[PDB]
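Residue numbers (the authors' numbering), protein chains in the order written: chain NN, 457 to 486; chain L8, 2 to 120, 146 to 196; chain SP, 892 to 1069; chain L6, 1 to 79, 90 to 216; chain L4, 2 to 245; chain LD, 7 to 143. In this text, a Cβ means the ideal position worked out from N, Cα and C, and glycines have one as well.
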Amino acid sequence: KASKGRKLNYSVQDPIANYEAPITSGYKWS
Amino acid sequence: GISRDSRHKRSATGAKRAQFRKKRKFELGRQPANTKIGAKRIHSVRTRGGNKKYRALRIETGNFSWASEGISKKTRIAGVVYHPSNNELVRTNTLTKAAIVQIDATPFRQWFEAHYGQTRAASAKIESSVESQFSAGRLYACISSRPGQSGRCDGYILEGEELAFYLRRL
Amino acid sequence: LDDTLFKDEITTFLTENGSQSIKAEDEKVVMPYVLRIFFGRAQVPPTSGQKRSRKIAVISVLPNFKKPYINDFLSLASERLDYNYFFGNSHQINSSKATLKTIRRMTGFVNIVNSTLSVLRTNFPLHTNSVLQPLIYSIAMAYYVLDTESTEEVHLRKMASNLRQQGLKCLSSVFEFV
Amino acid sequence: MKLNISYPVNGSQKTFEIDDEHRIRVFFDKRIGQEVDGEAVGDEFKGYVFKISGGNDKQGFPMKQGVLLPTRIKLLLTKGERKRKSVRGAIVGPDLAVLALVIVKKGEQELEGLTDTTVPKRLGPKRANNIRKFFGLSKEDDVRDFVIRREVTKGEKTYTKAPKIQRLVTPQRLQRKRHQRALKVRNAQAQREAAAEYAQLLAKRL
Amino acid sequence: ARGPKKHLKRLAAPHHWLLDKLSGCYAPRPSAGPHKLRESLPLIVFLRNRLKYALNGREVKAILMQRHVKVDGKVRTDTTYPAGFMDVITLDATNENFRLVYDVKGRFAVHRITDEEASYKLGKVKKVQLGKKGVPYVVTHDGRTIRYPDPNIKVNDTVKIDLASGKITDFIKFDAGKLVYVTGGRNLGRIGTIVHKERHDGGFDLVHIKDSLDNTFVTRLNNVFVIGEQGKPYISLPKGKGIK
Amino acid sequence: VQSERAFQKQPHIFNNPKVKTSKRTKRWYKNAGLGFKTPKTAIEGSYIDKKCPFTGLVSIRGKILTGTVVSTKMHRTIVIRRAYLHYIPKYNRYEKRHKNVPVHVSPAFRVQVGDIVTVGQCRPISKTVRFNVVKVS
RNA sequence: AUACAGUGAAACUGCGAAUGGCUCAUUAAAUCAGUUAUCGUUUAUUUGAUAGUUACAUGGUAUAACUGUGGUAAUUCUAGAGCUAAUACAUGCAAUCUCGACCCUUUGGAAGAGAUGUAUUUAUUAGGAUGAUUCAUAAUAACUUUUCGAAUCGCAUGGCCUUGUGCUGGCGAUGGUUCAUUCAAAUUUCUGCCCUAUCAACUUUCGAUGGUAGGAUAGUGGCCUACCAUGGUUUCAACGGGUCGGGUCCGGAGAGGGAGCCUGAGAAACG
Ligand SMILES: [Mg+2]
Ligand SMILES: [Mg+2]
Ligand SMILES: [Mg+2]
């Protein structure tokens, strides 16, 4: 079942780790 | 990029084989040809040797064969209805071999009136379901060719227990 | 007119109930143009695999038309042949009309009828002036040429034999279907 | 700027250097393939029409048709192989060093080096039908007499040179066609005879 | 190598050519042709290292380009043309005709023949099948495709090919008591009579051969070439008659 | 039989409904050779198997082996065991060795864990299946 | 040599550049050594067979070399003009064989009836070879952005007459459809001497094992994908750890880094 990725795997993936950085300012509205 | 080499897979015991060598040209694969209904649109592919493979990216007409009556006519393909391997090919209306499509029945209807002079009688008798489809205006057919290889969408009309089983699945 | 798109245009433009099919109101004006165009394509000599397919396609679109138009197409084929004098008189052929050129036109006419009989079969529309009269006049011409002409005209005799052989084939078919 | 003007009917071409910026201005903002009136350029060009065809900038890079800019850009050029190379835009501007023009139509006055002078075609027709077209020969006429001959003199020696007619009907070609047809006939006949002998052998065996 | 080879080192050349080991570093690589690479004798070797008629490759090239050498009744100009078993080589100027036959040692022997014996060759029918338009044909060992063969002819039979027309003159069936030439294995070049043909479906058939001295030896069927019925071979044999 | 998303049929074997000559669906078969008897259950059966050597598009050629069935827990495939004695010269001694061979088994055969099977080589059916059961005993 | 004709730079076409050479970092059935299959595939070339289905020869929808004008600091950098060819690029054209009355003449003529490419795709029908085939092969109906079926060249100028350069022609070259053959390539069956348990579980943690169907492949094949089954190896040692191959030759790789493409029969190209 888990084969072919059909089951969701939450283990960290190094290549995509820190692919982007969050904006601290947040959404435009308060 | 696509490759067919079996070295990358695990051995029968389950060991992880090491990357033996770089990818070779004699073990290549090419991207799939997602044939979709529309204006005919094909481009050649120069394959190993001097041979050429036609990629049917788009197609809307095909030769379909009534096997029981042993005749063949060129007809428009209405749309995909049921595909055994994956359903989402039905949703996007993708054409590949074994896909069941709906084809215009008009040329077969005209030919049948021509040959039998009926809209002698015993021979004219045909399965009830096929006559019902003729009344509907669309015929369930199975594509026999491989649109991703030969550039054609040739096939045949479902009949008999073929038609019964596929109608049940529908 | 374009050769490459000829086939796909037929299955789209002329297919009955087709989305791109001509409107019933526009059938009267357009169809005379269509019949003439196909008549030109039907005279292509079938020397190759593709050329044979084009001829069959031209004849295979006919059932899609309405019956009056089918008669119109047949009338065009017989128009060049002059047969009115033959039936007008007591079934007497003119020597002047008896030529290699006249036989060639007859063979072209008969070939169209033979193909059209195959596709339409029982539904073929048969009319005296349009088909049967020119068809009869052709077979009479073959007999007259065969007997009158000397053995020297080996080509003309051969062509006459072909027309008779095709002419009798045509008559055998038209009785069988209609 | 320098203007390289060519008269194609002549085949002639000459360069005119320009100093005043006002004819250069009427040339500004135009595009390759457009037309300009010579009278704006100068009285010497009064009544003329120039079609812009090409040119080069102060850095020597050529302009290319189809690109709409007044500046240079690295464009992917072709004729199989394709190279990213710098090219000027097709918009005429002050950045252009030399501008090439073709005289579409002639004005009132005649240019000294262009409308007065000719440069003959370097070579004449070689294919037979091209000879017939050039001289308008009838079919009955034989092209062999009308072929263009150029005289060549070496010191005191002198002799005529003429091209070799291609696509000419000559007995050799008729012979070749006849031989091909006869060869096909002979092969067919031999094959039929072989088939007949094979059938006879089977008949004897049975 | 990433494609077809074109060079053949001397030490890697077949042993039976008997090439001098000190002459150089390369040997003639037989071009593609009727015969296999390992079972062929290129014309350069035959003309230079066997007949000694040429002193170097250039002289062989001159000899051929004069159009003096005929291989099976047809002029050949390729120095490395692969002449092979039952091949007829004609030199008209020297009034010499040769047929290539393995001696008892197993190397190609210079065997002079009469012109009448040069007018034909022998071919083992390697395959029989129907071609296009339903015309039966036979493929022999030397690659000749002969159409309209005799129906009786079957695989492993041997046909008599006239060179001028390339047609079958007669044929010999494969049977016990027939005279056979060994064209491979350890017994190459020996001559004998068939005694019994063992058959193993899905495997290599074996045959027993008895020589005139009554010694017996077994060989695979592929390496047998029928040359006639006992005591009446259809070709001239080399000296010794393939004994021992 | 028709227990799959796609229909199962012997390819290019046509059954004309209009003529309706025979009640039995037309069935195609061949004999594998090497003296291996084609069973009747294949001939008048009703299964569909593309990899059956007697009814499928497969041919038996090459080596023919024998073994003991060790597993039959799959759909139409099994694992057999071939034993032998490997000789080490250094200790001049034999040691018992075994190899597990996966094999395709046609549904026309019935096989239990323990019986002896003779199998024939065929074109690669899967990642590991290169053989096909051809005689059960 | 009044079209050219000897020789011939340049340029366009054709072929070749995947051979040869060189170094050993890698990897312990991965390659490899022996052995087997392709009824599971592609193959330039060689060799042998093989295509009767405006024409006294079509176009520039064409350019190089070449002539001539220039830009730039400048390159195997450049644009504008003007020519001209093909085995380049396009287009393209009154016959044979069956059954044979008359049984006329008894080889024979013969009225009449008929039949007549290849290539791709599908459907359907028949089916000499091998142990074995849905094999070879043949036929039917259609399909094609779909082919191919000499608009080519050298040497020579013979035989007929109906004197027109009328008809009919000898030896070669280069092409081309399919099959076979050869050079090869690709997978593939079985077997194959180190120490190890102080390496006992491993695979299934983006297929692991198998079926059905499709996509891709030159093809077979979880090679990739959708659905479904729960498996495969191992105490007779799986899994793990340590330590160029065989015999100058035969194998095996690799030549700024990594990714992506391209032609060609052959490369993931030393381009
Ligand atoms: Mg400057
Ligand atoms: Mg090449
Ligand atoms: Mg599959």
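Residues sharing a beta bridge with residue i, DSSP
i: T76 (chain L8); result: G63 (chain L8)
i: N4 (chain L6); result: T15 (chain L6) and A110 (chain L6)
i: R221 (chain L4); result: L207 (chain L4)
i: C168 (chain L8); result: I101 (chain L8) and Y182 (chain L8)
i: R100 (chain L4); result: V89 (chain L4) and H112 (chain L4)
i: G39 (chain LD); result: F42 (chain LD)
i: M63 (chain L6); result: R98 (chain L6)
i: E970 (chain SP); result: Answer by DSSP bridge pairing: none, since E970 (chain SP) is not bridged.
i: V49 (chain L6); result: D37 (chain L6) and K115 (chain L6)
i: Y100 (chain LD); result: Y93 (chain LD)
Residue i at chain LD interface by Cβ criterion, 8 Å
i: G203 (chain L4); result: yes
i: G186 (chain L8); result: yes
i: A40 (chain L8); result: no
i: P85 (chain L8); result: yes
i: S69 (chain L8); result: yes
Cutoff 8 Å: residue i Cβ touching any chain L4 Cβ
i: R67 (chain LD); result: yes
i: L71 (chain LD); result: no
i: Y208 (chain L6); result: yes
i: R160 (chain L6); result: no
i: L63 (chain LD); result: no
i: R215 (chain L6); result: yes
Neighbour flag for residue i against chain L8, beta carbons, 8 Å
i: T27 (chain LD); result: no
i: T1007 (chain SP); result: no
i: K24 (chain LD); result: yes
i: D899 (chain SP); result: yes
i: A12 (chain LD); result: yes
i: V1045 (chain SP); result: no
i: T134 (chain LD); result: yes
i: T895 (chain SP); result: no
Any C-beta of chain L6 under 8 Å from that of residue i
i: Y149 (chain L4); result: yes
i: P5 (chain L4); result: no
i: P152 (chain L4); result: yes
Anticipated Cβ contact below 8 Å, residue i with residue j, distance rounded
i: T44 (chain LD); j: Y35 (chain LD); result: 7 Å
i: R129 (chain LD); j: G203 (chain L4); result: At roughly 16 Å, the Cβ-Cβ gap does not stay under 8 Å, so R129 (chain LD) and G203 (chain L4) are not in contact.
i: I141 (chain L6); j: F50 (chain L6); result: No, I141 (chain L6) and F50 (chain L6) are not in contact; Cβ-Cβ is about 35 Å, not under 8 Å.
i: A107 (chain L6); j: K58 (chain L6); result: 5 Å
i: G85 (chain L4); j: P35 (chain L4); result: 6 Å
i: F65 (chain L8); j: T76 (chain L8); result: 5 Å
i: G123 (chain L6); j: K14 (chain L6); result: 4 Å
i: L90 (chain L8); j: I38 (chain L8); result: Incorrect: roughly 12 Å between the Cβ atoms, too far for contact.
Any non-hydrogen atom of ligand 1 within 7 Å of residue i CB
i: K58 (chain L6); result: yes
Chain SP contact for residue i (CB, 8 Å cutoff)
i: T62 (chain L8); result: yes
i: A106 (chain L8); result: no
i: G177 (chain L8); result: no
i: residue 1 (chain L8); result: The question about residue 1 (chain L8) has no answer, for chain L8 in this structure spans 2 to 196.
Item to check | Length at least 4, wholly inside the region 108 to 149 of chain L4: the alpha helix (DSSP H) runs in chain order | outcome: 116 to 119
Checklist entry - Which ranges does the beta strand (DSSP E) cover as unbroken runs of at least 3 residues, wholly within the region 103 to 175 of chain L6, from first to last along the chain? => result 106 to 115, 160 to 164 and 167 to 171
Next on the checklist: Going residue by residue through the region 158 to 188 of chain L4, where are the continuous alpha helix (DSSP H) segments of at least 4 residues, counting only ones entirely within it?
Outcome noted: As far as the region 158 to 188 of chain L4 is concerned, it has no whole alpha helix (DSSP H) run of at least 4 residues.
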